[PDB]
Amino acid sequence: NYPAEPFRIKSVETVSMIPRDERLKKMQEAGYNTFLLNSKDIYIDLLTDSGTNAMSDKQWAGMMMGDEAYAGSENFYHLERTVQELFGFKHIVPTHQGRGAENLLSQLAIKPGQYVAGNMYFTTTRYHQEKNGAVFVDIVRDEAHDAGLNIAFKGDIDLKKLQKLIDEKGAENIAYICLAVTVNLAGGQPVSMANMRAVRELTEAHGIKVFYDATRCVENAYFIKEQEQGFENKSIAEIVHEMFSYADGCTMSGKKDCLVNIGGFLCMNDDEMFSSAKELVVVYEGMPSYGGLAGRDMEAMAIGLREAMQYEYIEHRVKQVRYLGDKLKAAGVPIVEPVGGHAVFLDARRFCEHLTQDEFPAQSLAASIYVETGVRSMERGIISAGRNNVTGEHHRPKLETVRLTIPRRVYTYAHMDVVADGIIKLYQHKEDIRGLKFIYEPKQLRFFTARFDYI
């Protein structure tokens, strides 16, 4: 139901709240973009679960054994064998974080004019696909875009859609299939093993490569153990190893499920791709033997990935998120269902039904939540979706959401109650939330530093 933390607290950092009118000042100073608030002016920081995790005593012991050598570091060897063992891939190239590996994959595996197909888009991923000359095709099933629809494994690829893509475009014009676990923008929704196996069989028969976005693969494995028939007695590690046996490689932002504050990598089975990846890694990241990471960080990430395989750890991680979701839902607050692995997503269309999606309800709601509570959350809606690179119009995602994203091992159920209590009160006067409009818009990944003014 709701287990207690399967760990003790080793050290703490203080949290405080500043008055509402200070927060009012700060929200306008930040152009009503939560990304532009300062860390010290935030009481509970749920902007993202990326890089904000609490490390363990063992990882910190690893941090003291940083072998900082340029090549041949013990830390690189430990990371390399851990990832080979746990994920089952032949080769690994470390990168400083996820988008570093996406930069490598996209340059390596895409010829201009080709299609990349994925189970829903992601921001940095789609940007790197498109700047290397690819058209992104969404092949997640329709249901994944229906916020309130409570079905299991919403992250699953629609096989019918993949078949269609192959018939219409021809297999040789498909660069690869991008399969993310979990699917972040659908609300952290898992992909079933049955689906990964079917995708593999179908792509293999046409000679098409499959690369996983491994960023939240452990959360995903937890959902498989919990809900997919025949997996209830398998270990998280067994499930993780089987997942990747259906892929040709993966990108990974270790800043999520490897339980670290920095770090990532690219894996692949193909020797020639590994060669080419090492050539490129030196341009952007570092030598293949550290990839833009300190030795101590390769060590922390090797230790953290293995810790993530502990059943009680990942069960608690996921059920803590589910608790926040359960509380919000019992009070009538509209959310994406079912609750995903890493965050609760308020459905901004419903929270603010008096605004149109063109008035940026999600961006607005996130600002309002900050002003009323000091809790920081992130826009995951029309602003994040960016512009159509052909028409210049906003991409218009059906999912217009605001994310309360939970860092791993950082907060308690009492913090979840405080967050829930605040959101619930904002709900009582949701009609008070105003439309926003751009006053400054970056040319790509605009959500990061865009500024707004009230309409």
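Throughout, we count residues from 1 along the sequence that is shown.
For the pair 279-287 and 78-86, the record assigns the higher mean C-alpha temperature factor to 279-287. Higher mean CA temperature factor between 192-200 and 300-308: 192-200, per the PDB entry. Highest C-alpha temperature factor among 71, 217, 171, 239 per the entry: 171.
Considering 422, 407, 66, 386 together, the PDB entry gives 386 the largest C-alpha B factor.
Sort the chain's modelled residues by C-alpha temperature factor and residue 14 lands in the middle third, per the entry. In this PDB entry, the Cα temperature factor of residue 41 sits in the middle third of its chain's modelled residues. For residue 402, the recorded CA temperature factor ranks within the middle third of the chain's modelled residues. Sort the chain's modelled residues by C-alpha temperature factor and residue 379 lands in the middle third, per the entry. Among all modelled residues in its chain, residue 231 ranks in the middle third by Cα B-factor.
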